[PDB]
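In the block that follows, a single chain appears as structure tokens, in the form deposited in one PDB entry.
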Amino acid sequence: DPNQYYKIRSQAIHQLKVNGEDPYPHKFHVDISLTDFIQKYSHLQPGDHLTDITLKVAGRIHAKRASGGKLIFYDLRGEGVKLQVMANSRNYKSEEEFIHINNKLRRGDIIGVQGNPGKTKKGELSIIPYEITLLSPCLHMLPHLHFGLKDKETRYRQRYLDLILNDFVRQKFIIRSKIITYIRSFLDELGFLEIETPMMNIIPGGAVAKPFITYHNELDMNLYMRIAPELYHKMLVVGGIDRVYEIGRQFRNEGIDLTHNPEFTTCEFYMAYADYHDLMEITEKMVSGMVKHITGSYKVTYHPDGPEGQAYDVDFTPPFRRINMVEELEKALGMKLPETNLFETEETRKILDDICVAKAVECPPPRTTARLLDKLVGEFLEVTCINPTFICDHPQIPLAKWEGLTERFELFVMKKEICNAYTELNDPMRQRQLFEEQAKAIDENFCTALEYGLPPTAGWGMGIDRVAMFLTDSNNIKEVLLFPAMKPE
């Protein structure tokens, strides 16, 4: 069993220490990465052996296949590449020390290799070791070679084991970092200032979201983990920093599952003297440019239900489809809806309720205008948004800006919102009124800031984790979080 293997191996390692062969006190200086070792010496023809060149490589042993006792082959792994170590007893420092190192090494051990490049008769590039050094043994039993960790729960609870055994996982978080790095580069080149704003607030945000509450001792007061940096960003726009963005963590005290995590990453930027239409060009350039630069093409494949399930083609080629919500809902329903400034009335609500019935689009027991419109929008518009599609001018039925239609777009990809933009409010009187009525159902410092004068501004937000899922062909959030929150063992 795995526990016995662990007890046996830990004993053998303890014995190596008392014998003065402690593997850990060693430090190993690599002369060439495995990736570069391949590049330089992949041109050698079968049977080559560069006796003159001695180099030091390191990596993790994934396979050990003997060939009589005079020859052992190791599958040395690292950086996502493979390199064969052909341990030939003749070529080792001595026969006695060749036997001794092979006796102690097991699958999974970290080792450094000093030897000469070369290609075997079968033609696979190798390094012929003059000396192999154990640097850090693997004390636990790993799965059988071509087996691995299929159990997602284990993969998520032991990410280091997941990366040791599954190369596709490493490529995911490389993709994740390239997304964040691309956003910074795109926005920096537009003159945006990357900023950091408080993650702990003296009062909870004016938003529907159960918060993380923590207590500050010296202040004798509770602090609240942030849900978003918006109000800090607009205070800086008032201060004269016209273009600000922040790619940082947000916190929500809610339920954990395959699509929700208590901490997650968002990007927000605010741009003075812009409206939601100006941000549509920017969103199209960034998102499309991001996809092509990272993946090599404008067309991506996504598996909403797993590799075995259906596969959707997603075409990020510009221009992205644009739609005005009400007009397209009318065109999709084949009927004219009430004029947009009569959407608060109870007569319009009835009409929507009837429409949902007549087309078998059932609504939550709360059959309101907001909910009947939500499920109509979802069933007739959002579901058709396979390619990147801007959905704009949503009915108010409360922030944003104003003939009954909100100044805004949401960008949908694979039937889901990945980012959205708003034209911002700057009337300090109106912003105040919202706060005080919201507080009966307030940020005094932010109201004051608007009293000094916020210019016309446009806001923009994106959920990074969702974007990482769609571009890594992942269908749960635990695949794109290095150490996802997990329910108790």
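Superpose the two forms; the largest set of C-alphas matching within 1.5 Å is the rigid core. Note that residue numbering follows the sequence shown and begins at 1.
*Asks:* Does at least a third of the other compared PDB entries (those resolving both flanking residues) leave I391 without coordinates?
*Replies:* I391: modelled in every other compared entry.
*Asks:* Quick check on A228: across the other compared entries (only those modelling residues on both sides), is it unmodelled in a third or more?
*Replies:* No.
*Asks:* Using what the record says, work out whether there is a hole in the model between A441 and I442 and how many deposited residues it spans (none, 1 to 3, 4 to 9, 10 or more).
*Replies:* In the record, 10 or more residues between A441 and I442 lack coordinates.
*Asks:* Note how many residues of the deposited chain are left out of the model between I397 and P398; the options are none, 1 to 3, 4 to 9, and 10 or more.
*Replies:* Unmodelled stretch: 1 to 3 residues, a short break.
*Asks:* Mean CA temperature factor from the deposited coordinates, higher in 162-170 or in 314-322?
*Replies:* Stretch with the higher mean C-alpha B-factor: 314-322.
*Asks:* Mean Cα B factor from the PDB record: higher for 381-389, or higher for 351-359?
*Replies:* Looking at the recorded C-alpha B-factors, 351-359 comes out higher on average.
*Asks:* Say you rank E417, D242, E328, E344 by Cα B-factor from the PDB entry; which sits at the top?
*Replies:* Answer for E417, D242, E328, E344: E344, with the highest C-alpha B-factor.
*Asks:* Can you tell me which of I111, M199, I180, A370 has the highest Cα temperature factor in the record?
*Replies:* Among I111, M199, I180, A370, the PDB entry lists the largest C-alpha B-factor for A370.
*Asks:* Comparing against every modelled residue in the chain, figure out the third that the C-alpha B-factor of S288 lands in (lowest, middle or highest).
*Replies:* For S288, whose C-alpha B-factor we compare with every modelled residue in the chain, the answer is the lowest third.
*Asks:* Could you tell me which third, lowest, middle or highest, the C-alpha B-factor of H62 occupies within its chain?
*Replies:* For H62, the deposited C-alpha B-factor lands in the middle third.
*Asks:* If you rank the chain by CA B-factor, which third does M225 end up in: lowest, middle or highest?
*Replies:* It falls in the middle third of the chain.
*Asks:* Compare the C-alpha B factor of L337 with those of the other modelled residues in its chain, then answer lowest, middle or highest third.
*Replies:* For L337, whose C-alpha B-factor we compare with every modelled residue in the chain, the answer is the middle third.
*Asks:* What third of its chain, lowest, middle or highest, does the C-alpha temperature factor of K104 fall into?
*Replies:* CA B-factor rank for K104: middle third.
Same protein, other form: the form deposited in another entry, not shown, and the subject of what follows.
*Asks:* Align on the core first; then indicate which of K172, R77, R349, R159 has a CA shift of 2 angstroms or more between the shown form and the other one.
*Replies:* The answer here is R349.
*Asks:* Is there a C-alpha shift of 2 Å or more at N116 between the shown form and the other one once the rigid core is superposed?
*Replies:* Shift of 2 Å or more: no.
*Asks:* For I127, decide whether the Cα shift between the shown form and the other one is 2 Å or greater, given a superposition on the rigid core.
*Replies:* No, the C-alpha position differs by under 2 Å between the shown form and the other one.
*Asks:* Establish whether a shift of 2 Å or more occurs at the C-alpha of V244 between the shown form and the other one, with the two forms superposed on the rigid core.
*Replies:* False for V244: its C-alpha shift is below 2 Å.
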